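File shown: start_29.txt (compact mmCIF, N, CA and C atoms).
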```txt
# COMPACT_ATOMS: atom_id res chain seq x y z
N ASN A 7 221.30 108.74 -19.85
CA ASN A 7 221.63 110.13 -19.72
C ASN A 7 220.37 110.92 -19.87
N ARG A 8 219.70 111.04 -18.78
CA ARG A 8 218.42 111.67 -18.71
C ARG A 8 218.41 112.68 -17.57
N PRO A 9 218.71 113.94 -17.86
CA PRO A 9 218.75 114.96 -16.85
C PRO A 9 217.37 115.53 -16.58
N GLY A 10 216.68 114.92 -15.66
CA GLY A 10 215.42 115.40 -15.26
C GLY A 10 214.59 114.28 -14.70
N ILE A 11 213.58 114.64 -13.94
CA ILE A 11 212.69 113.69 -13.30
C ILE A 11 212.04 112.79 -14.34
N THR A 12 212.45 111.56 -14.36
CA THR A 12 211.89 110.59 -15.26
C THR A 12 210.75 109.82 -14.54
N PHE A 13 210.44 110.30 -13.31
CA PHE A 13 209.38 109.76 -12.42
C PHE A 13 209.71 108.33 -11.95
N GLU A 14 210.93 107.93 -12.15
CA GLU A 14 211.36 106.64 -11.73
C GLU A 14 212.31 106.75 -10.58
N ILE A 15 212.21 105.83 -9.68
CA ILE A 15 213.07 105.80 -8.53
C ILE A 15 214.44 105.36 -9.01
N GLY A 16 215.39 106.24 -8.89
CA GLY A 16 216.71 105.98 -9.39
C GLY A 16 217.04 106.88 -10.55
N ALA A 17 216.05 107.63 -11.01
CA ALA A 17 216.26 108.56 -12.09
C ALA A 17 217.04 109.77 -11.59
N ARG A 18 217.74 110.40 -12.49
CA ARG A 18 218.54 111.54 -12.16
C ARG A 18 217.83 112.79 -12.60
N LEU A 19 217.34 113.49 -11.64
CA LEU A 19 216.58 114.70 -11.87
C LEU A 19 217.48 115.91 -11.81
N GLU A 20 216.96 117.07 -12.08
CA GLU A 20 217.76 118.25 -11.94
C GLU A 20 217.37 118.96 -10.67
N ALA A 21 218.30 119.19 -9.81
CA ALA A 21 218.04 119.93 -8.61
C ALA A 21 218.85 121.19 -8.64
N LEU A 22 218.30 122.27 -8.15
CA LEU A 22 219.00 123.52 -8.11
C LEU A 22 219.47 123.73 -6.73
N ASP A 23 220.67 124.25 -6.63
CA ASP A 23 221.28 124.82 -5.39
C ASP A 23 222.73 124.66 -5.56
N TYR A 24 223.45 124.83 -4.44
CA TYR A 24 224.86 124.58 -4.22
C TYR A 24 225.77 125.45 -5.10
N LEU A 25 225.53 125.41 -6.36
CA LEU A 25 226.21 126.19 -7.35
C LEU A 25 225.16 127.10 -7.97
N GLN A 26 223.87 126.85 -7.60
CA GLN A 26 222.72 127.45 -8.23
C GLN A 26 222.58 126.87 -9.57
N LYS A 27 222.94 125.61 -9.61
CA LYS A 27 222.89 124.84 -10.79
C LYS A 27 221.80 123.92 -10.68
N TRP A 28 221.41 123.42 -11.82
CA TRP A 28 220.50 122.35 -11.92
C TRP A 28 221.34 121.13 -12.20
N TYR A 29 221.70 120.48 -11.16
CA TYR A 29 222.62 119.38 -11.18
C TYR A 29 221.88 118.06 -11.05
N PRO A 30 222.31 117.05 -11.82
CA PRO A 30 221.70 115.72 -11.81
C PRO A 30 221.75 115.09 -10.42
N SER A 31 220.61 114.97 -9.83
CA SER A 31 220.47 114.43 -8.52
C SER A 31 219.59 113.19 -8.60
N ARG A 32 219.80 112.24 -7.76
CA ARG A 32 219.12 110.96 -7.94
C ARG A 32 217.94 110.79 -7.02
N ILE A 33 216.85 110.32 -7.58
CA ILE A 33 215.67 110.01 -6.82
C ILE A 33 215.90 108.71 -6.05
N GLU A 34 215.75 108.75 -4.76
CA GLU A 34 215.95 107.59 -3.93
C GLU A 34 214.58 106.97 -3.58
N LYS A 35 213.56 107.81 -3.53
CA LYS A 35 212.21 107.38 -3.21
C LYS A 35 211.26 108.47 -3.69
N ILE A 36 210.04 108.12 -4.06
CA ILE A 36 209.10 109.13 -4.53
C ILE A 36 207.81 109.09 -3.72
N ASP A 37 207.31 110.25 -3.38
CA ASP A 37 206.03 110.39 -2.75
C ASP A 37 205.15 111.02 -3.80
N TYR A 38 204.10 110.38 -4.13
CA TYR A 38 203.31 110.74 -5.28
C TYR A 38 202.10 111.53 -4.83
N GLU A 39 201.68 111.27 -3.60
CA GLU A 39 200.53 111.92 -3.03
C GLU A 39 200.80 113.39 -2.79
N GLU A 40 201.86 113.68 -2.07
CA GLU A 40 202.23 115.04 -1.78
C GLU A 40 203.00 115.55 -2.97
N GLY A 41 203.65 114.61 -3.61
CA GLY A 41 204.44 114.89 -4.75
C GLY A 41 205.78 115.42 -4.35
N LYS A 42 206.54 114.55 -3.74
CA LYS A 42 207.84 114.86 -3.23
C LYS A 42 208.75 113.75 -3.65
N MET A 43 210.01 113.96 -3.59
CA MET A 43 210.91 112.89 -3.79
C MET A 43 212.02 113.01 -2.79
N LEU A 44 212.50 111.87 -2.36
CA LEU A 44 213.65 111.82 -1.53
C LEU A 44 214.77 111.81 -2.51
N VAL A 45 215.37 112.91 -2.67
CA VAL A 45 216.41 113.07 -3.61
C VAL A 45 217.75 112.99 -2.92
N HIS A 46 218.68 112.28 -3.54
CA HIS A 46 220.01 112.19 -3.03
C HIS A 46 220.92 112.97 -3.95
N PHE A 47 221.60 113.90 -3.37
CA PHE A 47 222.45 114.81 -4.11
C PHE A 47 223.88 114.31 -4.05
N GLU A 48 224.65 114.65 -5.04
CA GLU A 48 226.06 114.34 -5.05
C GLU A 48 226.81 115.48 -4.37
N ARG A 49 226.62 116.69 -4.88
CA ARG A 49 227.22 117.88 -4.31
C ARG A 49 226.24 118.53 -3.34
N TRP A 50 226.41 118.23 -2.07
CA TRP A 50 225.51 118.66 -1.01
C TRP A 50 226.25 118.38 0.29
N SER A 51 226.54 119.41 1.07
CA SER A 51 227.35 119.24 2.26
C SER A 51 226.49 119.00 3.50
N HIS A 52 225.44 119.76 3.64
CA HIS A 52 224.51 119.56 4.75
C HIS A 52 223.57 118.51 4.30
N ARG A 53 223.59 117.34 4.95
CA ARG A 53 222.76 116.22 4.52
C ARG A 53 223.23 115.71 3.15
N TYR A 54 222.56 114.72 2.63
CA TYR A 54 222.82 114.27 1.26
C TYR A 54 221.50 113.88 0.61
N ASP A 55 220.47 113.91 1.42
CA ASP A 55 219.15 113.47 1.06
C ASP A 55 218.17 114.52 1.51
N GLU A 56 217.09 114.69 0.77
CA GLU A 56 216.08 115.66 1.14
C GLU A 56 214.75 115.34 0.45
N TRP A 57 213.65 115.71 1.09
CA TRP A 57 212.33 115.57 0.49
C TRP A 57 211.93 116.87 -0.11
N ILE A 58 211.94 116.95 -1.39
CA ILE A 58 211.53 118.19 -2.00
C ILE A 58 210.46 117.87 -3.03
N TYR A 59 209.75 118.87 -3.47
CA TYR A 59 208.67 118.68 -4.41
C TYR A 59 209.16 119.05 -5.79
N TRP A 60 208.70 118.32 -6.79
CA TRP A 60 209.05 118.59 -8.18
C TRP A 60 208.62 119.99 -8.62
N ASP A 61 209.61 120.75 -9.12
CA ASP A 61 209.48 122.15 -9.60
C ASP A 61 208.74 123.08 -8.67
N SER A 62 208.81 122.80 -7.39
CA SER A 62 208.20 123.68 -6.44
C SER A 62 209.16 124.83 -6.18
N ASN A 63 210.44 124.57 -6.41
CA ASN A 63 211.48 125.54 -6.16
C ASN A 63 212.76 125.25 -6.95
N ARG A 64 213.45 124.19 -6.60
CA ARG A 64 214.74 123.86 -7.19
C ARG A 64 214.76 122.46 -7.75
N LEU A 65 213.69 122.03 -8.31
CA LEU A 65 213.64 120.68 -8.89
C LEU A 65 213.13 120.74 -10.30
N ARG A 66 213.86 120.21 -11.22
CA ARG A 66 213.43 120.24 -12.58
C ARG A 66 213.29 118.85 -13.15
N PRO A 67 212.11 118.59 -13.76
CA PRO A 67 211.83 117.38 -14.51
C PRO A 67 212.68 117.30 -15.77
N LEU A 68 212.36 116.37 -16.62
CA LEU A 68 213.10 116.19 -17.85
C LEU A 68 212.87 117.36 -18.81
N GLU A 69 213.60 117.34 -19.93
CA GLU A 69 213.53 118.39 -20.97
C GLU A 69 212.08 118.78 -21.27
N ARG A 70 211.28 117.75 -21.60
CA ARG A 70 209.83 117.78 -21.79
C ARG A 70 209.54 116.61 -22.69
```
Represent the supplied structure as structure tokens.
Amino acid sequence: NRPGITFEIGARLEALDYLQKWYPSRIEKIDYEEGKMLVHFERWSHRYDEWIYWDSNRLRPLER
């Protein structure tokens, strides 16, 4: 039970949207160079996967 980017593939990060919530979304793949992750969302109607960057907008790492 780790709500946030644990930097591990398969970790459940917090993504914002849909409800404007930071909802536990799962990392499917990580790009470390650009610093993006292929995140798979549970509550997401358009697509289910997306490449977004950590805390660039709607992505939150772990508590700290």
CA of residue 53 (chain A) to CA of residue 69 (chain A), distance in Å rounded to a single decimal: 27.2 Å
For region 54-68 of chain A, find every residue with an atom within 7 Å (counting only C-alpha atoms), except residues of its own chain fewer than 3 positions away, and show them as a short mmCIF file (atom, residue, chain, number, x, y, z; two decimals) with N, CA and C atoms, in the frame of the given file.
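Writing done, so here's selection-v7.cif:
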```cif
data_model
loop_
_atom_site.label_atom_id
_atom_site.label_comp_id
_atom_site.auth_asym_id
_atom_site.auth_seq_id
_atom_site.Cartn_x
_atom_site.Cartn_y
_atom_site.Cartn_z
N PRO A 9 218.71 113.94 -17.86
CA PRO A 9 218.75 114.96 -16.85
C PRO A 9 217.37 115.53 -16.58
N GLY A 10 216.68 114.92 -15.66
CA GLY A 10 215.42 115.40 -15.26
C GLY A 10 214.59 114.28 -14.70
N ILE A 11 213.58 114.64 -13.94
CA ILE A 11 212.69 113.69 -13.30
C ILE A 11 212.04 112.79 -14.34
N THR A 12 212.45 111.56 -14.36
CA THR A 12 211.89 110.59 -15.26
C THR A 12 210.75 109.82 -14.54
N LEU A 19 217.34 113.49 -11.64
CA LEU A 19 216.58 114.70 -11.87
C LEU A 19 217.48 115.91 -11.81
N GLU A 20 216.96 117.07 -12.08
CA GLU A 20 217.76 118.25 -11.94
C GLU A 20 217.37 118.96 -10.67
N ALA A 21 218.30 119.19 -9.81
CA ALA A 21 218.04 119.93 -8.61
C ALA A 21 218.85 121.19 -8.64
N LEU A 22 218.30 122.27 -8.15
CA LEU A 22 219.00 123.52 -8.11
C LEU A 22 219.47 123.73 -6.73
N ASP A 23 220.67 124.25 -6.63
CA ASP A 23 221.28 124.82 -5.39
C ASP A 23 222.73 124.66 -5.56
N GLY A 41 203.65 114.61 -3.61
CA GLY A 41 204.44 114.89 -4.75
C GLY A 41 205.78 115.42 -4.35
N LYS A 42 206.54 114.55 -3.74
CA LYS A 42 207.84 114.86 -3.23
C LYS A 42 208.75 113.75 -3.65
N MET A 43 210.01 113.96 -3.59
CA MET A 43 210.91 112.89 -3.79
C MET A 43 212.02 113.01 -2.79
N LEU A 44 212.50 111.87 -2.36
CA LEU A 44 213.65 111.82 -1.53
C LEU A 44 214.77 111.81 -2.51
N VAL A 45 215.37 112.91 -2.67
CA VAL A 45 216.41 113.07 -3.61
C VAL A 45 217.75 112.99 -2.92
N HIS A 46 218.68 112.28 -3.54
CA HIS A 46 220.01 112.19 -3.03
C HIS A 46 220.92 112.97 -3.95
N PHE A 47 221.60 113.90 -3.37
CA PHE A 47 222.45 114.81 -4.11
C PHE A 47 223.88 114.31 -4.05
N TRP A 50 226.41 118.23 -2.07
CA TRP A 50 225.51 118.66 -1.01
C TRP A 50 226.25 118.38 0.29
N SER A 51 226.54 119.41 1.07
CA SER A 51 227.35 119.24 2.26
C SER A 51 226.49 119.00 3.50
#
```
Å distance separating CA of residue 13 (chain A) from CA of residue 25 (chain A), one decimal place: 24.1 Å
Test item, strand (DSSP E) assignment across chain A, answer as an MDAnalysis selection string: chainID A and resid 18:23 27:37 42:46 55:59 65:66
Two-atom distance - CA of residue 37 (chain A), CA of residue 49 (chain A) (Å): 22.5 Å
